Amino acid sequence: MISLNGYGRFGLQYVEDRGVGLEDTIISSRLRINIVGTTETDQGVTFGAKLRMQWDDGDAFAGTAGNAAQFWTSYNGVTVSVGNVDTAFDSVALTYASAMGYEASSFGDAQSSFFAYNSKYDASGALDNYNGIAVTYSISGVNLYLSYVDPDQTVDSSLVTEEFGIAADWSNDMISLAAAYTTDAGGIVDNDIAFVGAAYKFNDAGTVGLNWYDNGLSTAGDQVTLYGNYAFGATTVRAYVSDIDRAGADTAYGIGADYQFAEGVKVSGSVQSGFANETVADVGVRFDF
């Protein structure tokens, strides 16, 4: 069976003083198409493969291609995947929970470098033999994640730096906890990063959380992000503040809202301020198809 899913988003993206002779506000948009092929068996093993075609404003040649494949095999709550896989640090819960606005951006997200599902092709040739293996397992409210990524699998392994990651998250109805650790993140020798987060749903209406990170070799250093959101019917108000160890940095912060216009249609905006006093704002829509 083959199925297609995706989304489109378009809105205004404002960056204070982006550059000499550059408009500070443009229309930024993205079109995402996923192509999923799956084969189900009567033995309960589901085989799958996916491809992604993703277009973003400003993309080279004003064109769209697919990325590199991802294959998986699933059985009894376990999934093993190969090729362009989702990684542990990028898949755990809570780590992207302060993101806001129609581009789901946050300075309160982790300031480190690490591998992740590659949504598009890469013109530098750096991903040509990139190959990952990941394993996930969901023990009810408890998710476990494991990923190994070799940036160039054709070359003797002793000559390249492979990334190894693990994560686990857990949740009941009102508390969630999440943790992840990754060594040689992004193929960088000694770039070892970690994440621990916790969140509390202090209603059915509100949640507050805290994420801490060790950003490994990044200039940012350790980081803490405090975030919260509140739902008022169809609108959701979100806010966060984040600090890094880097000498002299400002405290990052942001405020935003999400309006659930209909199932599949969300209007979102945000005003944020970064660690180097960058001012960014957005307003747009996303629709899921």
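From 1 onward, residues are counted along the sequence shown.
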property	result
Mean temperature factor over C-alpha atoms, higher-scoring stretch between 104-112 and 213-221	213-221
Stretch exceeding the other in mean C-alpha B-factor - 241-249, 53-61	241-249
C-alpha B-factor winner, where the candidates are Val20, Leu12, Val265, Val271	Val20
Maximum C-alpha temperature factor, selected from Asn76, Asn129, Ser91, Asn84	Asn76
Where the record places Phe261 (Cα B-factor, split into thirds across the chain)	middle
Chain-relative CA temperature factor third for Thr95	lowest
Third of the chain, ranked by Cα B-factor, where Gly48 sits	lowest
Chain-wide C-alpha B factor ranking for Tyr137, given as lowest, middle or highest third	highest
Relative C-alpha B-factor of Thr39, binned into the chain's lowest, middle or highest third	middle
